[PDB]
């Protein structure tokens, strides 16, 4: 089995979601030591913003590409081939200003291509990234789970389902900003959630 781990926090070593993702990788290596694990850090190695030039590479028209466009198409091809090559997809999704981090958003914007990761049919869209199992590790300062201020969870569920990844489990670490006690309990509960996932 091959595991891809996507890190998207801007807080580096202090990141709650990067710490839980590392715990995830540690546990998986112990319990399934034959599996290869690939870790991509979307903050350390940023994906460019999808602008008018880059959208012209992914939704091309009848003209030669610019060198920048060609480079963005190569990066997009590389990210998609990596996504399709792996079985278990662990996505670190910190909440910043009620959304996912731009670092993760830029990744998703290069991964979503018609005829590559999805296509529209007469019955609606069909996802082309098939047979995957995803785990979202999502950290928040406050408590939002199951309430009107959590658009991150349904958004991730919607975008992932769109490209074909409909088996998604969520690990939450909420209330981090209430203090070190609340954060430690949040981390211990998340680690126990990760344990059940790794041991299944």
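Residue numbers count along the first chain shown, from 1. Throughout, rigid core stands for the largest set of C-alpha atoms superposing within 1.5 Å between the two forms.
Asks: Could you check whether 114-122 or 101-109 drifts more from the shown form in 6 other deposited structures of this protein, using RMS Cα distance once the core is superposed?
Replies: Of 114-122 and 101-109, the stretch deviating more in 6 other deposited structures of this protein is 114-122.
Asks: With the rigid core as the fit anchor, does 179-187 or 19-27 show bigger C-alpha shifts in 6 other deposited structures of this protein?
Replies: With the rigid core fitted, 179-187 is the stretch that strays more in 6 other deposited structures of this protein.
Asks: Counting only other entries that model residues on either side of residue 33, is it left out in at least a third?
Replies: That residue is present in all of the other compared entries.
Asks: Tell whether, across the other compared PDB entries, at least a third have no coordinates for residue 59.
Replies: Comparison shows residue 59 dropped in at least a third of the other entries.
Asks: Between 32-40 and 63-71, which has the larger average Cα B-factor in the PDB entry?
Replies: In the deposited entry, the stretch with the higher C-alpha B-factor mean is 32-40.
Asks: Which is higher on mean Cα B factor in this entry, 116-124 or 94-102?
Replies: Taking the mean C-alpha B-factor of 94-102 and of 116-124, the larger value falls to 116-124.
Asks: Place residue 132 in the lowest, middle or highest third of its chain's C-alpha B-factors, as listed in the PDB entry.
Replies: Ranked within chain, residue 132 CA B lands in the highest tercile.
Asks: What third of the chain does residue 27 rank in for C-alpha temperature factor, lowest, middle or highest?
Replies: Residue 27: CA B-factor falls in the highest third of its chain.
Asks: Taking the chain's C-alpha temperature factors as the reference, tell me which third residue 87 falls into: lowest, middle or highest.
Replies: It belongs to the highest third of the chain when residues are ordered by C-alpha B-factor.
Asks: State the tercile, meaning the lowest, middle or highest third, of residue 10 with respect to the CA B-factors recorded for its chain.
Replies: Its C-alpha B-factor belongs to the lowest third of this chain's values.
Asks: Of the three thirds of its chain by CA temperature factor, lowest, middle or highest, which one includes residue 150?
Replies: Its C-alpha B-factor, which the entry lists for residue 150, ranks in the middle third among residues of this chain.
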